[PDB]
Structure formats: structure tokens, C-alpha cells
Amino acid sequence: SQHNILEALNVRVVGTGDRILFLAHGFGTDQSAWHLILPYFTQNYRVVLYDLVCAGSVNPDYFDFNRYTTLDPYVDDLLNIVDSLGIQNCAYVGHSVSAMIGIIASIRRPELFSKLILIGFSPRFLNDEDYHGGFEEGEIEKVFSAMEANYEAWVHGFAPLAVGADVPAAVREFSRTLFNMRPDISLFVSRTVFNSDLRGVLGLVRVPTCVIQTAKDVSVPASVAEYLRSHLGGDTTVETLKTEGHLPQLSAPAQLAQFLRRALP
């Protein structure tokens, strides 16, 4: 139930250091997205990885549509893993939805995180009055229709856009993990995430935070970076990668590793 979570979400611990580094993947991927970055840190860090319940590498029977209606159960899962491993202090790297999860988690448990590293992070995707998130409700409904009508065609068109840079290996990988997801789960999670809004709680963040924005993220306008600088409550830094795309850990691992290396405690 809540009790076999380590096996259910493929929790793996690698590396040698005392300092615990948590690598948390985002939408459409699983923990294998970190495999190019991982060798940069395993000599100096104790690295914890897991898969979100919605990952295609997780048994889809674990995805309870009745439960996973907001981000809060996802946060519960993260903290359950943390507590189950007996982790009292760690550095946390969250990509995409895992960035959103980490924000909430750090408000709940400020003492747990020495540092938040947020990659491809947005507090809100939908545009509001005086807020450019990058999407509109009508647009999103058409995406959901395409996903339902022919998920695989959608993935085929989407994966290259999301990877952004001309790195076929990265596109192929992101496609693979998207195709592994059960289509109805992908759609449901997308609905959940698109209708989330963390703008109200950004000021409550107390933990030191590094935001790593990419050059041209389909999910995150450049304006969001400055917004986060203005609104995040903790000691915050914002930095921009020179490479384009939503998935730097696959498309530009050397550059991402460099940024991480100097941001990490």
C-alpha cells in the first residue's frame, strides 16, 4: 500500500559520499534520465533515485486515479521514500513536476533540504492576468484530445519539440519513456500538472534554492525565471543554461553537470 514504496517506485541508492543527493525526474521520463549525469556525482555523493508513480517503469496498477488528483499525494510519496530510507538531510534536484513536488516538500519539511536545485520549473503553466505561464485553457484541451485520440502520434510530434536541440539520441530516449507510460496516465497527470498553481506558496520557501532555467523550454517561458527570483522566499539564485530544450540531462549532460557541480553543497 504505502508500505512497499521502495520496491514499487524502484528506489535505488548509488555512490559513496556521506552527503545525500536526491535526483527526481519529471513528466514523461523515469530515473534513467539521470544516467548521463550520474557518473559526475557518484564519487562524492550518495545518490538516491526513484520513479514517480506515473512513470512507465512503474507498475501502472499503482496509479490510483482516485488518489493522484493533485500534487500532494506525489509529495507524500517523496517524503515516504525519504523517511523509509531514514534520510534526515539531503540536497534535492527536481526536474519539471519533481521541481514542483520539491517546493511543496520543502515547505512541509524545511529541515530536510540543505538545498533545492530546480530544473525546468514553473509555478503555473496557464497564463493569468499579469502572468505569462505559456499556455491557455483551449490550447490545453486540444492537447488532451490529441493525447486521447492517438497518444503515440502525439509523442512522435512532441518528443523532438521538448528535447529542442538536434540530439537524436536524446529524442529517442525521451520518446521511449513517454511510450512506456500508459496513455490514460500520461493524460491524467498532464491534467493534474496543468491545473496546478504554486504561485501562492513560493514566498513560504525558506530553503536555499538554485533555479536552472533552460534557453528555450516549451513548458517554461524565459519570463518565469525572473518571476521566481522575485517571489521565492528563500535565498534564491536563478541561472540559465546556454543549451536549448526541456531535458538538459539528456541533451547537454556535461553543461548541466557543471551547473550542478557548483550549485550543490
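The numbering used is simple: start at 1 and walk along the sequence shown.
Enquirer: Compare the mean C-alpha B-factor of 236-244 with that of 216-224 as given in the PDB entry, and name the stretch with the higher value.
Expert: On average, C-alpha B-factors are higher across 236-244.
Enquirer: Within this chain's modelled residues, let me know which third the CA B factor of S196 belongs to: lowest, middle or highest.
Expert: Ranked within chain, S196 CA B lands in the middle tercile.
Enquirer: Among the chain's modelled residues, which third holds the C-alpha B-factor of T69?
Expert: Highest third - that is where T69 ends up once the chain's C-alpha B-factors are sorted.
Enquirer: Using only modelled residues of the chain, where does the Cα B factor of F135 rank: lowest third, middle third or highest third?
Expert: Highest third of the chain for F135's C-alpha B-factor.
Enquirer: Place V48 in the lowest, middle or highest third of its chain's C-alpha B-factors, as listed in the PDB entry.
Expert: Ranked within chain, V48 CA B lands in the lowest tercile.
Enquirer: Sort the modelled residues of this chain by their C-alpha B factor and say whether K142 lands in the lowest, middle or highest third.
Expert: For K142, the deposited C-alpha B-factor lands in the middle third.
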